[PDB]
Structures are given as C-alpha cells and as structure tokens.
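> This is the structure I have questions about; it appears just below.
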Amino acid sequence: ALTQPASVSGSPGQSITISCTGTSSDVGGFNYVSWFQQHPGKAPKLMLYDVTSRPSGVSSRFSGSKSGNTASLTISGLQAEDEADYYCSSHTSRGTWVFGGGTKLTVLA
Amino acid sequence: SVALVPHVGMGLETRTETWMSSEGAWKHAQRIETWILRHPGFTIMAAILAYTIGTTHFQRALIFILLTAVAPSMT
Amino acid sequence: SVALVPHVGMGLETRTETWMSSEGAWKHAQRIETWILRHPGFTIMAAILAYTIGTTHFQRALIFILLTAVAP
Amino acid sequence: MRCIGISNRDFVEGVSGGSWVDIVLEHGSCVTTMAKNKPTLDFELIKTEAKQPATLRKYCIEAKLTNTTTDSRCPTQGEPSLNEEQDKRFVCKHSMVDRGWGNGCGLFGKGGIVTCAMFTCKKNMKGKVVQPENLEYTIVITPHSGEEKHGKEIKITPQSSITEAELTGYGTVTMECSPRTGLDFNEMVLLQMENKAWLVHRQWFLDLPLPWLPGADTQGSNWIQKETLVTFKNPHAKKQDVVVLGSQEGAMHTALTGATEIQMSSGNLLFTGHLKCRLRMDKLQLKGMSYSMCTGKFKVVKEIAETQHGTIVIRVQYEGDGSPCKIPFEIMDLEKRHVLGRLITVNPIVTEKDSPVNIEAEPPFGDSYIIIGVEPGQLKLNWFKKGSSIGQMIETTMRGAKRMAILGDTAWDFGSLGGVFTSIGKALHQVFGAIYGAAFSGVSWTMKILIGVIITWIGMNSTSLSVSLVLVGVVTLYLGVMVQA
Amino acid sequence: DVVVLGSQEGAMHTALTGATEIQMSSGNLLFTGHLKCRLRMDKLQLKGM
C-alpha cells in the first residue's frame, strides 16, 4: 500500500508539504504520481497529475515533487476552501493502481 | 514443426503399407514442381550458377538439381 | 503439407515483425544440425562424394553443403 | 511530441521551391519534418481500415467423415461403382483387394474395391479480398507545440487522396498521398482464422493444399480436392478404410512464418505496410512568432532527457511577466563563442505563464550547454553527448541502407525534392528491384546468404565483371542478413 | 503479447508418414512385422495315410 500521514494541519496563508510514500515498483520507478481532492459528499477531482506538471483549471498554488521513493505535495498560501480529503494514487508496475490511505487537511481558524 | 521432421526412411518399414505410402512418396515431386513453375527466375539463376561453377556437365546438372531441391526445402 | 510451403520470402515483409520471425529464423538450421548429429554416416558419405565428384575445393564444400541440406 | 520516445524516428530537412517534400510513413514508425522557416511537424500512420471485405474461398481445417460405404467386385470385372461416387460430398478412392473362394467369389486374383465417406467440415478459415478503393488510412498531425487530442487526425482514401489539416495557430498543412502504389491489395488476401488474422499473398493463398469452397457458397457441399485432408489405407491389400487427418490450424500457423498478423475482430484493422505521401507546406505558420522575449526567470521541472536519436527534451516553467512571450533557447559553448546546436522544436513559445512547455534540441557531440532566458537568472545546463560524428554518419548509412532494402524503389521518395539525381536513382533501383523480385521470389533467407556467397566467390575469382559480381553478392548478403524471413 | 499455437495433431499426422498403423484402443494389437521361426515337422504324419 501507500504510506502517508493520516492528518496534516496548517495555518491559512502558509506553505505546507505533505508526502506520499510507496515502493520502488510504483512510486520510485514511475512518474504516474497523481493527487486527487475529495470533497465531503462530493466526487473526487484531480488537482495534480505528473507532479512535474499541473492540470488545466487548477491554481498554481499546488506543487508536487518526487524524491526517490517518496512523492511530496506542497501547497502555498493555505486557504479555507483547501480543507478536503486528498489522495495519492500511483499506477504500479504490475499494471494495477494503488491509492493512499487518505489525508484530511485542516486549516486553523 | 513436427511436419518438417517426418519419420521417413529410418529402417522400420515392413510389408504392410505405411500411413502415407502412396502420396507420401510424392508430395516432394509435387511441391518442388509447383515451386519451379511459380518462381522460374530462381531456376534460371540456378541454371547460370550451375553453368558457372560446374566444370563438367555432370557436376553442372548435379549442382543445378541440388539448388532446385534446396530452394523449396530451405523455406 | 502446408508446413512444407511456408509464406516466406514472397517480397511482402515490412518493418513490423512477421508471425514466426524469431522462432522461425533458425529452426531450419536447428533441425538440420540435429539430423546431422543423429545421422553421421550419411554426412560422411556426402563428404566423400563431394570430395570425389568435384574438381576444386570450393565446389567440394558446395556439394557437401547442398547434399547435407537436401537430405532432411 | 507524440513521436518522442519511438526508436523508429526519422528526420527530413529542407524544402523545394514549391515547399513540397516527398515523405514515406510506416505503421509503428513516424517521421519529423522541419525546414528553415516552417513549424516542426510529426507524421504517423496509425490505422489502416478496409470497409468492404469479399470472401474469396473458405479453407477447411477440421473435417469429420460419416456414412462410410464399401463396394467390392470380383477380379476381371472392372471396378465397382456407387451412386455416392458421383456425389462429390463423398470422397472416394479405388484400390485393389485379394479375392478368392474364401471371399465368396469363384475366381482368384486382384479384385476391385471402392470406399466412400461423407465429407463434413466442422470449422474453417476464411480468405477475404478487398478492392484497393476500400482502404482507409489514418494520419495524426501533431506539431511540436510544447504542450504537455493534441494532434489532428485525417483520413486518406484512394479515391480522394487530396486532403489538408487545419492546425490551430499554424494555419493549414496540405498532405496529398498516393495509396495506389503503397501496397497492391489486388494481389493480397486477408486470411482470417478463428480469432487471428494474417495478410498473405493471394497467389500463395489460392494454391494451398486444403479442401475449399467458393467464397459465395453457404450450404457447404462444394469442396474441391478433399483427398488432401483424408487418407486411405491398404495395410494387407484385403480391405481399405478411410480416416480423416487431424486439425491443420497448427500446421497452418507453421505455414504462416513470413505472414504479417492483422486484426479482423472489430473490423479490418491493419497495422502493417507503408505509405508514400506527398507533403505540401505552403500555408504553415508559427504560433505567436512575433512576441517579444520572456525577460523573467525560468526553472526546470523535468531535467535533461536523452532519446535514441541524440536529441533532448526539456519541460520548463516560466514565472516572469509579459506572457505570452518567446523562450530564449540556444545551444552555446562555455565561453559563449559559437552556436553548436539547432532547435528541433523551432520557436519555443510560452502560451500561458503557469503552463509548462516542452522543448526539443539536438546538441552536438561532446560538451553541450543549454541557454534558458537572459540575465539575470539565466539558466545554463551541462549535458554531454555520448558518441561521435563518424558514429552518427555510419549509423545513418546503415539506417538508410536498411530503409532502402525494406522499401524498395519507394525509399528514394522518403526525402525526395524532385531532383534529377533522385529520379535517376529511383529508376535504376526500380529496375534492379524488379529483376531481383523476378529472381529471388519465394526463397528463404539462408538460401539468400548462400547465393550471395556464391556470387561473391565468382566475382573474386573472375575486372568490371568481377566488381559488378562482388557488389551484387554483398548486396544480396546484406539483404539476406537484414530480412526477417 | 503471447498467443498459443494451433493444433499439432494434423502436423503430427503429416509427420507420421512412414509410421505403421497399429490399433491399441482396446489392448495393444499389432498387424505388422516379421517372425523368424524354426519349424520342426518331426512328429507330423499324413492324415488318412
């Protein structure tokens, strides 16, 4: 599976980094690292695929980088609407897909 | 495949007719003659080659026949 | 049979690999070598015949190779 | 960009007075086009489609026999006849059988015998023929825009081979083909098995030794030469029996060594063959080729990448203002004296400030430096190219020789500009290839090496004739070693 | 991609051209070959001599 912290909290307007760790077959060997945002009660939406690049219609606040077997997500300028479930997904070597354990983002009042 | 290595002439033949006696004696003659009639250019080239390397008529004909036999068999 | 008349060398090959390309590249050589190993007497006789018939070493070798190839 | 990563990448340089270049496209391969003041384009043949297939004949590969019959005659009374003997669903054969008093006949000698059995076929393979005008060719036209449906798909038909693609921001590209000369389906048949299909020569398909039906037959009783699939036995010359041969689908598979597998499950999908097409680039433009510099900084998001063709692919991100603006990209040396490389992706442009852009370049052999942006904050990279000019030239000459070998006369049209030398070479190699095809048709490769050895020896031992013979021999050896089958 | 070849029973039949047909569906039965024998007709006598 994919290992990542259960919950990450930070002050609004700050810069925080969250990391997703897998193994060599899925994360450390491939660039199929994508991040999805899950709103409570709403369908998941991709915020980042191919961490070196970013999707269309997504603000440049989200930035992703991969260091070895660990893929990191960095958000600059935390805001209220960023409080949502974030998932890290990787297409493993065996042709299947693996997902992270789910992360809850908390913004201090 | 196995069809390229048939159990032919290995010294086990008896008085009783074998599995493919009649036309098995000849699928050679038919397929080589069909190949000759379908690719005459190779036969011509083999003819010039036999005339060239071969010094006496017998060895010329021998080389020509061997080349003509190889041409479908090697395929 | 059909295996004796493969669809080979008909001038239709392109960049993409054919059906039995890799396996069929050397299968004829393998079966010929196995037949040579398992029938040494005919090979010796063919060598003797090629030595006798020809007039120069080149055609000695050529007749030897042709006789060896046709026999299987 | 779609051609980045494929080992079958080819480059064509320069244009003629009419801005027309002949190019050739193959399945699984693609080419990249660029000129002095033209955008860089990628051309790829992805799909060949035949809409209307016609069944030529059906070859039976498993059969079953029932209703076996036998009739006997005393010696010197001719051979027996049965009413199923005319009924050509029943395969029949006449043999000779010992007859005597113990056999219920008053004479001794060679007695006539005949046996017939109903020929029923379980499953069979179909040979489909398609007229050339029923072919569809799919071409993707993707420019090196640097973007991370990117290209444009166009369709080529033999009856309407004149088409153009409207590229967003590049204007219009005119690409006219000539599929009549690519592959001659007039002599080709699409053999189809239970779930796999092969593209084989029609003449080789007709003379297959199997029972067959006319392509329009439906009831299944018009089988020709069923004797190739059944056998008769006279173990002791006293009674003949007929048995069926085994399934020939494995034998057929072994018989398709040099055949090319195609797809006929969801239509006549062909991923084989070539396509010689005429390219016209009169009306191509560059996206925003008038914008100014990007005076801001840059940062690499994905570092240097080496392909199999000596080029580099870079994705970079802009953070300055003035977008859209031109990307300062150039291959300089350490002390910044002389230009060393050229840009495959001509005119790199930043469409949107936060949108990453992919850039391509071809550094020279040895130390190479990539210049990004301008002072302050200019980026300089330090990639080294492994190889040499002589190595590149020799690899190019093997690639050209093998392409010539595998395309025949059409290979001169890969990068022809209409020059007289190109036409002379095309005609000479066309007549030489016609002679070669009329000479070495239907011959194995090892036999080709044998022939090449023979003529090389003859030329060595026999002077204009000698040099011509050794050249022919070495060409034949190269063809034999390079051909797959 | 890996695909299995076809049925080799027909190829086997085309490979068994020189083999001899024998039946062993119900017990191994052979109807070919030779048998050298030494015949001793010592004790034979003419019926009705």
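Numbering starts fresh at 1 for the residues of each chain in the structure tokens, the chains themselves are lettered A, B, ... in the order given, and ligands are numbered from 1 as they appear.
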Using only C-alpha atoms, which protein or nucleic acid residues come within 9 Å of residue 67 of chain A? Drop anything in the same chain fewer than 4 positions from it, and give the result as JSON, numbers by chain.

{"A": [28, 71, 72]}

> Which neighbours of segment 228-232 of chain D fall inside 10 Å, counting only C-alpha atoms, when residues of the same chain fewer than 5 positions from it are skipped, and could you give them as a tab-separated table (two decimals) with N, CA, C and O atoms, in the first residue's frame?


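Result file follows (result.tsv):
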chain	number	residue	atom	x	y	z
B	19	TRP	N	1.58	-45.37	-43.24
B	19	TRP	CA	0.50	-44.40	-43.10
B	19	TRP	C	0.32	-43.54	-44.35
B	19	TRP	O	-0.81	-43.31	-44.78
B	20	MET	N	1.41	-43.09	-44.95
B	20	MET	CA	1.39	-42.21	-46.13
B	20	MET	C	2.30	-42.74	-47.23
B	20	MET	O	3.18	-42.05	-47.73
B	21	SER	N	2.12	-44.01	-47.60
B	21	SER	CA	2.92	-44.57	-48.68
B	21	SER	C	2.68	-43.84	-50.00
B	21	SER	O	3.57	-43.16	-50.53
B	22	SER	N	1.46	-43.93	-50.52
B	22	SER	CA	1.16	-43.60	-51.91
B	22	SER	C	1.52	-42.16	-52.28
B	22	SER	O	2.42	-41.94	-53.10
B	23	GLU	N	0.84	-41.19	-51.69
B	23	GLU	CA	1.14	-39.79	-51.99
B	23	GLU	C	2.26	-39.23	-51.13
B	23	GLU	O	2.77	-38.14	-51.44
C	1	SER	N	2.52	-31.18	-46.99
C	1	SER	CA	1.56	-30.41	-46.21
C	1	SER	C	1.85	-28.92	-46.30
C	1	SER	O	2.78	-28.49	-46.99
D	60	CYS	N	-11.07	-25.49	-45.35
D	60	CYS	CA	-11.47	-26.31	-44.21
D	60	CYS	C	-10.25	-26.90	-43.52
D	60	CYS	O	-9.35	-27.42	-44.19
D	61	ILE	N	-10.22	-26.83	-42.20
D	61	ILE	CA	-9.07	-27.27	-41.43
D	61	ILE	C	-9.39	-28.38	-40.43
D	61	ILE	O	-8.45	-29.06	-39.98
D	62	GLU	N	-10.66	-28.60	-40.08
D	62	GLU	CA	-11.07	-29.84	-39.42
D	62	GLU	C	-12.27	-30.42	-40.14
D	62	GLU	O	-13.22	-29.70	-40.47
D	63	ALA	N	-12.25	-31.73	-40.35
D	63	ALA	CA	-13.32	-32.41	-41.05
D	63	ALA	C	-13.69	-33.69	-40.31
D	63	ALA	O	-12.90	-34.24	-39.54
D	64	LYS	N	-14.92	-34.14	-40.54
D	64	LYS	CA	-15.43	-35.37	-39.96
D	64	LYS	C	-16.09	-36.19	-41.06
D	64	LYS	O	-16.72	-35.63	-41.97
D	65	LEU	N	-15.95	-37.51	-40.99
D	65	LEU	CA	-16.45	-38.42	-42.00
D	65	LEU	C	-17.47	-39.37	-41.39
D	65	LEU	O	-17.22	-39.96	-40.34
D	91	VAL	N	-15.95	-38.39	-50.59
D	91	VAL	CA	-14.64	-38.66	-51.15
D	91	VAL	C	-14.51	-40.16	-51.38
D	91	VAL	O	-14.90	-40.98	-50.53
D	92	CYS	N	-14.00	-40.54	-52.54
D	92	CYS	CA	-13.92	-41.94	-52.94
D	92	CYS	C	-12.55	-42.25	-53.51
D	92	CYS	O	-11.87	-41.37	-54.04
D	93	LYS	N	-12.15	-43.51	-53.38
D	93	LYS	CA	-10.89	-43.98	-53.94
D	93	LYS	C	-11.04	-45.44	-54.34
D	93	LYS	O	-11.77	-46.19	-53.69
D	94	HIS	N	-10.35	-45.82	-55.41
D	94	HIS	CA	-10.35	-47.19	-55.90
D	94	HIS	C	-9.01	-47.83	-55.59
D	94	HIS	O	-7.96	-47.26	-55.89
D	95	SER	N	-9.05	-49.02	-54.99
D	95	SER	CA	-7.85	-49.79	-54.69
D	95	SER	C	-8.07	-51.20	-55.23
D	95	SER	O	-9.05	-51.47	-55.94
D	115	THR	N	-14.36	-47.30	-51.72
D	115	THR	CA	-14.94	-46.84	-50.47
D	115	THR	C	-15.23	-45.35	-50.55
D	115	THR	O	-14.42	-44.59	-51.08
D	117	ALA	N	-17.04	-41.97	-48.20
D	117	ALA	CA	-17.48	-41.47	-46.90
D	117	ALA	C	-17.89	-40.01	-47.05
D	117	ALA	O	-17.25	-39.25	-47.77
D	119	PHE	N	-18.13	-36.24	-46.47
D	119	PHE	CA	-17.17	-35.26	-46.00
D	119	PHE	C	-17.92	-34.09	-45.38
D	119	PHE	O	-18.60	-33.34	-46.08
D	209	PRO	N	-2.90	-26.51	-50.19
D	209	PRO	CA	-3.43	-27.88	-50.33
D	209	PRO	C	-4.48	-28.22	-49.27
D	209	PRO	O	-4.27	-29.03	-48.37
D	210	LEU	N	-5.64	-27.58	-49.38
D	210	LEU	CA	-6.75	-27.84	-48.48
D	210	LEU	C	-8.05	-27.93	-49.26
D	210	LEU	O	-8.16	-27.35	-50.34
D	211	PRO	N	-9.04	-28.65	-48.74
D	211	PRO	CA	-10.38	-28.56	-49.32
D	211	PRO	C	-10.91	-27.14	-49.20
D	211	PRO	O	-10.69	-26.46	-48.19
D	240	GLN	N	-9.86	-51.74	-47.57
D	240	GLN	CA	-9.44	-50.35	-47.41
D	240	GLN	C	-10.41	-49.61	-46.51
D	240	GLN	O	-11.63	-49.80	-46.59
D	241	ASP	N	-9.86	-48.76	-45.65
D	241	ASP	CA	-10.64	-47.89	-44.79
D	241	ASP	C	-10.13	-46.47	-44.94
D	241	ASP	O	-8.96	-46.24	-45.24
D	242	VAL	N	-11.03	-45.51	-44.73
D	242	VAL	CA	-10.72	-44.09	-44.88
D	242	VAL	C	-10.86	-43.42	-43.52
D	242	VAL	O	-11.86	-43.63	-42.82
D	243	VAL	N	-9.85	-42.64	-43.14
D	243	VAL	CA	-9.87	-41.88	-41.90
D	243	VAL	C	-9.48	-40.45	-42.20
D	243	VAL	O	-8.81	-40.15	-43.20
D	244	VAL	N	-9.90	-39.55	-41.33
D	244	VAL	CA	-9.66	-38.13	-41.51
D	244	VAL	C	-8.30	-37.77	-40.93
D	244	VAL	O	-7.81	-38.41	-39.99
D	245	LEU	N	-7.67	-36.76	-41.51
D	245	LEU	CA	-6.47	-36.20	-40.92
D	245	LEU	C	-6.84	-35.26	-39.77
D	245	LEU	O	-8.00	-34.91	-39.56
D	246	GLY	N	-5.82	-34.86	-39.01
D	246	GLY	CA	-6.03	-34.04	-37.85
D	246	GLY	C	-6.25	-32.58	-38.19
D	246	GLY	O	-6.25	-32.17	-39.35
D	247	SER	N	-6.46	-31.79	-37.14
D	247	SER	CA	-6.64	-30.35	-37.31
D	247	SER	C	-5.39	-29.73	-37.91
D	247	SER	O	-4.27	-29.99	-37.46
D	248	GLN	N	-5.59	-28.89	-38.93
D	248	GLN	CA	-4.48	-28.27	-39.64
D	248	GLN	C	-4.22	-26.84	-39.19
D	248	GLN	O	-3.38	-26.16	-39.79
E	10	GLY	N	-2.80	-32.52	-36.73
E	10	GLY	CA	-2.65	-32.61	-38.17
E	10	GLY	C	-1.19	-32.59	-38.60
E	10	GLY	O	-0.78	-33.34	-39.48

> Applying 6 Å and only C-alpha atoms, which residues near segment 58-70 of chain C remain after dropping the ones on its own chain fewer than 5 positions away? List them as a PyMOL selection string.

(chain B and resi 66+70) or (chain C and resi 46-47+50-51)

> How would the residues just picked look written out with N, CA, C and O atoms as a PDB file, in the first residue's frame?


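Saved as selection_14.pdb:
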ATOM      1  N   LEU B  66      20.583 -29.926 -57.041  1.00  0.00           N
ATOM      2  CA  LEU B  66      20.656 -29.670 -55.604  1.00  0.00           C
ATOM      3  C   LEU B  66      20.140 -28.282 -55.247  1.00  0.00           C
ATOM      4  O   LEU B  66      19.421 -28.125 -54.255  1.00  0.00           O
ATOM      5  N   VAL B  70      16.991 -27.482 -52.847  1.00  0.00           N
ATOM      6  CA  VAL B  70      17.118 -26.668 -51.643  1.00  0.00           C
ATOM      7  C   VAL B  70      16.087 -25.551 -51.640  1.00  0.00           C
ATOM      8  O   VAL B  70      15.498 -25.239 -50.598  1.00  0.00           O
TER       9      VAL B  70
ATOM     10  N   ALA C  46      28.357 -38.168 -47.773  1.00  0.00           N
ATOM     11  CA  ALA C  46      28.220 -36.962 -48.579  1.00  0.00           C
ATOM     12  C   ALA C  46      29.550 -36.239 -48.708  1.00  0.00           C
ATOM     13  O   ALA C  46      29.875 -35.708 -49.775  1.00  0.00           O
ATOM     14  N   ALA C  47      30.333 -36.200 -47.627  1.00  0.00           N
ATOM     15  CA  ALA C  47      31.662 -35.606 -47.707  1.00  0.00           C
ATOM     16  C   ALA C  47      32.539 -36.360 -48.695  1.00  0.00           C
ATOM     17  O   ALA C  47      33.243 -35.750 -49.508  1.00  0.00           O
ATOM     18  N   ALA C  50      31.315 -35.577 -52.260  1.00  0.00           N
ATOM     19  CA  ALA C  50      31.715 -34.235 -52.665  1.00  0.00           C
ATOM     20  C   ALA C  50      33.205 -34.178 -52.966  1.00  0.00           C
ATOM     21  O   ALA C  50      33.631 -33.499 -53.907  1.00  0.00           O
ATOM     22  N   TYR C  51      34.013 -34.886 -52.174  1.00  0.00           N
ATOM     23  CA  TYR C  51      35.447 -34.938 -52.436  1.00  0.00           C
ATOM     24  C   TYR C  51      35.731 -35.566 -53.794  1.00  0.00           C
ATOM     25  O   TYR C  51      36.576 -35.075 -54.551  1.00  0.00           O
TER      26      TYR C  51
END

> Specify as a PyMOL selection string all residues of chain B found within 12 Å of chain C, counting only C-alpha atoms.

chain B and resi 1-10+20+23-24+26-28+30-32+34-35+38-39+49-50+52-75

> At a cut-off of 12 Å, using only C-alpha atoms, what residues contact residue 380 of chain D? Leave out same-chain residues fewer than 3 positions from it and give the result as a ChimeraX atom specification.

/D:297-300,304,328-336,368-377,383

> Could you please take those selected residues and save C-alpha atoms as a PDB file, in the first residue's frame?


ATOM      1  CA  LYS D 297      13.403  33.707 -14.893  1.00  0.00           C
ATOM      2  CA  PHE D 298      12.816  30.007 -15.502  1.00  0.00           C
ATOM      3  CA  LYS D 299      13.047  26.728 -13.629  1.00  0.00           C
ATOM      4  CA  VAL D 300      13.336  23.204 -14.990  1.00  0.00           C
ATOM      5  CA  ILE D 304      17.648  16.537 -19.348  1.00  0.00           C
ATOM      6  CA  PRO D 328      15.305  32.302 -25.298  1.00  0.00           C
ATOM      7  CA  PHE D 329      16.743  28.893 -26.207  1.00  0.00           C
ATOM      8  CA  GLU D 330      20.075  28.252 -27.896  1.00  0.00           C
ATOM      9  CA  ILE D 331      22.946  25.751 -27.726  1.00  0.00           C
ATOM     10  CA  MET D 332      26.080  27.740 -26.829  1.00  0.00           C
ATOM     11  CA  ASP D 333      29.585  26.797 -25.706  1.00  0.00           C
ATOM     12  CA  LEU D 334      31.242  27.503 -22.354  1.00  0.00           C
ATOM     13  CA  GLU D 335      32.866  30.831 -23.238  1.00  0.00           C
ATOM     14  CA  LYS D 336      29.864  31.667 -25.481  1.00  0.00           C
ATOM     15  CA  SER D 368      26.842  20.936 -24.825  1.00  0.00           C
ATOM     16  CA  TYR D 369      25.246  23.855 -22.988  1.00  0.00           C
ATOM     17  CA  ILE D 370      21.576  24.848 -22.940  1.00  0.00           C
ATOM     18  CA  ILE D 371      20.860  28.562 -22.518  1.00  0.00           C
ATOM     19  CA  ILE D 372      17.486  29.454 -20.993  1.00  0.00           C
ATOM     20  CA  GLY D 373      16.349  33.029 -20.567  1.00  0.00           C
ATOM     21  CA  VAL D 374      18.560  36.085 -20.183  1.00  0.00           C
ATOM     22  CA  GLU D 375      20.485  37.712 -17.357  1.00  0.00           C
ATOM     23  CA  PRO D 376      19.681  37.939 -14.561  1.00  0.00           C
ATOM     24  CA  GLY D 377      18.680  34.405 -13.597  1.00  0.00           C
ATOM     25  CA  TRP D 383      24.596  17.824 -20.749  1.00  0.00           C
TER      26      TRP D 383
END

> Provide the atom CA of residue 88 of chain A to atom CA of residue 2 of chain A distance in Å, to one decimal place.

8.0 Å

> If you measure from atom CA of residue 346 of chain D to atom CA of residue 57 of chain A, what distance in Å do you get, rounded to one decimal?

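Straight-line distance from atom CA of residue 346 of chain D to atom CA of residue 57 of chain A works out to 27.5 Å.
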
> For chain C, which residue out of D:27, D:36, D:239, D:152 is the nearest one, using only C-alpha atoms?

D:27
